[PDB]
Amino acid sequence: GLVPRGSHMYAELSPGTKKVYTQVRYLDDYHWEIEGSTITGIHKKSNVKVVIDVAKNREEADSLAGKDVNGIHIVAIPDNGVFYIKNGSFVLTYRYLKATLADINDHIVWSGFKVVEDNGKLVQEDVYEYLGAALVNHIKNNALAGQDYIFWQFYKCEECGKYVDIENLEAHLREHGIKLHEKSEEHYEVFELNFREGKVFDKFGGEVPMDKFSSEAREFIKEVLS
């Protein structure tokens, strides 16, 4: 039913829309939907929306570039060697989509959580941050998360102002007489640990001195960057 009425509708999509969709459907980090020549993905973890309009050429793509979608707008075209940003929209050869959507996924980083009351129960609310600026920076340097660097969360200690990696935070707060488990909310700064530079950068590409981190984080960084 919602199988044939599914196979029939799908089969009637334009070849182009099918081709583009076939580039993205394996990226299960996103929930996908198709409507006409528009492919919409919803990042499963963060709920970030990605709208992909399929166009026949650059003129069309450029015309669609001007579009608010309350999320990431991408215009996919069959033209090769095309990759630029116009009016905030990505305009790219559809063969760059898979790599682009994956880079986008790598840039939607968990930054904290908050526990909220809800219908008599406590519910955890996660905070995600789409690092678009860093995304563009990494694409230009052909930098790949997990390969040339990784994003990692550090907590800004309300006691010494030093940055401590999330894992050593428990022990760190303990030494201050503060119990981590009694906290019902926390926010972290997301830093980049660059394997190439053997240095730490903020989410904007700016380098961060090592003295900004607690003695614990310091060695952790040293450990990771090796």
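Numbering starts at 1 and follows the sequence shown.
- Relative to its counterpart among 118-126 and 132-140, 118-126 has the higher mean temperature factor, C-alpha atoms as listed in the PDB entry.
- Taking only CA atoms, the mean B-factor in the PDB entry is higher for 169-177 than for the other of 39-47 and 169-177.
- When the C-alpha B-factors of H31, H187, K183, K162 are read from the PDB record, the largest value belongs to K162.
- Compared with the other modelled residues of the chain, the Cα B-factor recorded for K156 ranks in the highest third.
- Residue-level temperature factors show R218 in the highest third of its chain, judged at the C-alpha atom.
- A61: CA B factor in the middle third of modelled residues in this chain (values from the PDB entry).
- In the PDB entry, a CA B factor belonging to the highest third of its chain's modelled residues is recorded for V69.
- Per the deposited record, the Cα B-factor of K212 falls in the highest third when ranked against the other modelled residues of its chain.
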